[PDB]
Ligand code: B12
Ligand SMILES: [Cl-]
Ligand SMILES: [Cl-]
Ligand SMILES: [Cl-]
């Protein structure tokens with residue numbers, strides 16, 4: 001297949017896998033990450049039966065958190081659980097261990113997921129005025145997750161994703177675009193291969209060509225689908241073929257070369273991103289979770305065990321932090337070692353100034369949710385940009401600012 005990464009330097013792959021390896025000892029509820037587990041299982045790499053403990057921890061935690069008693073002893077909250085889209089990735093994790101979800105606990109989880117989709121269906125509405133509470137990405141992920149376990153979703157649920165893909169000057173924001181198409185594509189593709197909604201078979205097939213079209217349309221001069229980070233999910237979808245073309249073949253070749261290029265430059269630092277890339281580098285996608293092969297051997301990753309101690313004096317960078325989209329705006333001047341994350345800088349400004357911010361856990365890491373006491377609301381988010389007006393492609397923990405950058409935290413409405 002032409003959309004498949006066919007040749008990768010195994011030492012690059014191994015370095016990527018070494019980035020996931022420490023996460024395998026991070027078993028706390030907020031660190032546990034079903035995406036990382038999936039990515040490893042579908043990769044050419046193994047992070048030990050560190051993996052087994054990890055799935056077991058996922059099982060215990062997702063079950064204990066999501067199946068809690070009918071009425072909790074005086075709180076309405078205690079120990080905020082995984083989200084439904086995370087439950088969807090947890091379902092992918094089980095398939096990655098060649099398990100189907102089951103038993104009474106598994107029935108309840110599946111219902112929770114179906115309720116989620118039904119609730120999103122309702123939120124989206126009638127004829128689609130109205131938004132998902134979460135996103136179409138999680139919507140698609142949910143359908144895909146149920147599909148790979150051979151669980152059917154209501155035709156009206158699937159309809160909502162199909163129509164969104166099908167209808168008009170495409171709804172989706174640029175940020176979500178390719179990634180959401182890729183994920184929806186993978187939901188549709190699973191539906192097809194599974195024949196789970198035969199009453200919309202043709203519609204699904206046409207949604208697939210659509211999804212393919214929009215992804216190729218989104219190709220950048222650099223070769224990326226959307227951006228470097230959407231490219232792996234794009235390729236995950238695209239390697240699933242069934243519409244082989246000359247445009248598609250050329251697009252994939254460009255996409256692949258751009259991706260391999262970025263691998264030489266330590267582009268992929270984010271554990272979730274790596275978890276999305278490794279499968280692709282092993283010619284696998286989430287859609288392979290339909291029939292996962294748990295017998296295939298993988299190369300054991302061993303701990304890097306070396307963190308190079310320079311005893312040098314590091315370069316410092318001087319960075320300007322600025323907050324906009326709220327009143328008052330705020331600025332902060334910080335000088336920190338080169339290689340400091342945006343997050344380090346935030347924590348520094350908080351420590352040594354009038355700054356404050358809050359993040360919350362996500363599978364991509366710390367997600368900035370509140371700056372200076374202003375918490376992003378319903379369709380708001382704290383956008384992170386490098387001045388002038390360039391949205392970062394990494395979040396706070398991964399973005400490592402350059403000398404002289406102005407980094408903007410902008411409250412925006414999408
Ligand atoms: C939906 C989405 C959003 C939504 C999320 C809110 C919503 N309505 O649900 C919005 C528009 C707010 C958003 C924002 C951003 N996003 Co975003 N987002 C996505 C998308 C399409 C799906 C994520 C998802 O739902 N995952 C599934 C569920 C189960 O996972 P989850 O971990 O529980 O999801 C949470 C986080 O993803 C959080 N979130 C969203 N984006 C990001 C990015 C980072 C770095 C973090 C830590 C968290 C985070 O939102 C979800 C909670 O609803 C992904 C695509 C992808 N390839 O994963 C990109 C993606 C994760 N986002 C990305 C980026 C870069 C950003 C921003 C940094 C953009 C910016 N310059 O401001 C910001 C986050 C800044 C911040 N405040 O911390 C990149 C990250 C790449 C990388 N190297 O890590 C991705 C992969 C898109 C891309 N191809 O570039 N995003
Ligand atoms: Cl339940
Ligand atoms: Cl990254
Ligand atoms: Cl805050």
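All Cβ positions, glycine included, derive from the backbone under ideal geometry; neighbour counts span all protein chains shown. All of this is worked out from the model, or read from it or from the source named; these are not laboratory values.
Okay, residues lined up against (1) in the same structural domain as residue 174 (by CATH); (2) under 13 Å from residue 158 (Cα atoms); (3) more than 19 Å from the chain's Cα centre (by Cα):
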residue	(1), (2), (3)
200	yes, yes, yes
203	yes, yes, yes
210	yes, no, yes
217	yes, no, yes
220	yes, no, yes
223	yes, no, yes
230	yes, no, no
236	yes, no, no
Worksheet item: Which residue pairs have Cβ atoms under 8 Å apart, sit 6 or more places apart or on different chains, and have a first residue in the stretch 391-408 that is over 18 Å from residue 367 (Cβ atoms) and a second that is outside any loop (DSSP other than H, G, I, E, B) and within 16 Å of ligand 4 (Cβ to nearest atom)?
Response: 401/342; 401/345; 406/321; 406/322
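Those residues that are more than 9 Å from ligand 4 (Cβ to nearest atom) and surrounded by 15 or more Cβ atoms within 10 Å (Cβ to Cβ), I need them from the stretch 369-383; list them, please.
Residues of the stretch 369-383 that are more than 9 Å from ligand 4 (Cβ to nearest atom), as a first pass: 376-383.
The answer is 376, 380, 381, 382, 383.
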Item to complete: Please work out if residue 346 is crowded, with 19+ Cβ neighbours inside 10 Å, more than 30 Å from residue 265 (Cα to Cα) and more than 9 Å from ligand 1 (Cβ to nearest atom).
Response: no
Practice prompt. Output the qualifying pairs, or none if there are none: Cβ atoms under 6 angstrom, residues six or more apart or on different chains, first residue in the stretch 352-371 and over 24 Å from residue 86 (Cβ atoms), second residue part of a strand (DSSP E or B).
Written response: 353/332; 355/332; 371/323; 371/357; 371/382; 371/409
Worksheet item: Quick check: anything in the stretch 202-216 out of contact with any helix residue (DSSP H, G or I) (no Cβ under 6 Å at 6 or more places or on another chain), closer than 20 Å to residue 252 by Cα and surrounded by 21 or more Cβ atoms within 10 Å (Cβ to Cβ)?
Response: yes
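Is the stretch 273-293 home to any residue that is in the same structural domain as residue 389 (by CATH), over 26 Å from residue 395 (Cα atoms) and loosely packed, with under 11 Cβ neighbours inside 10 Å?
Residues of the stretch 273-293 in the same structural domain as residue 389 (by CATH): none.
No, the stretch 273-293 contains no residue that is in the same structural domain as residue 389 (by CATH), over 26 Å from residue 395 (Cα atoms) and loosely packed, with under 11 Cβ neighbours inside 10 Å.
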Response to the item:
Counting only residues in the stretch 263-272 that are within 12 Å of ligand 1 (Cβ to nearest atom) and more than 13 Å from residue 8 (Cβ to Cβ), the one surrounded by the most Cβ atoms within 10 Å (Cβ to Cβ) is identified as 271
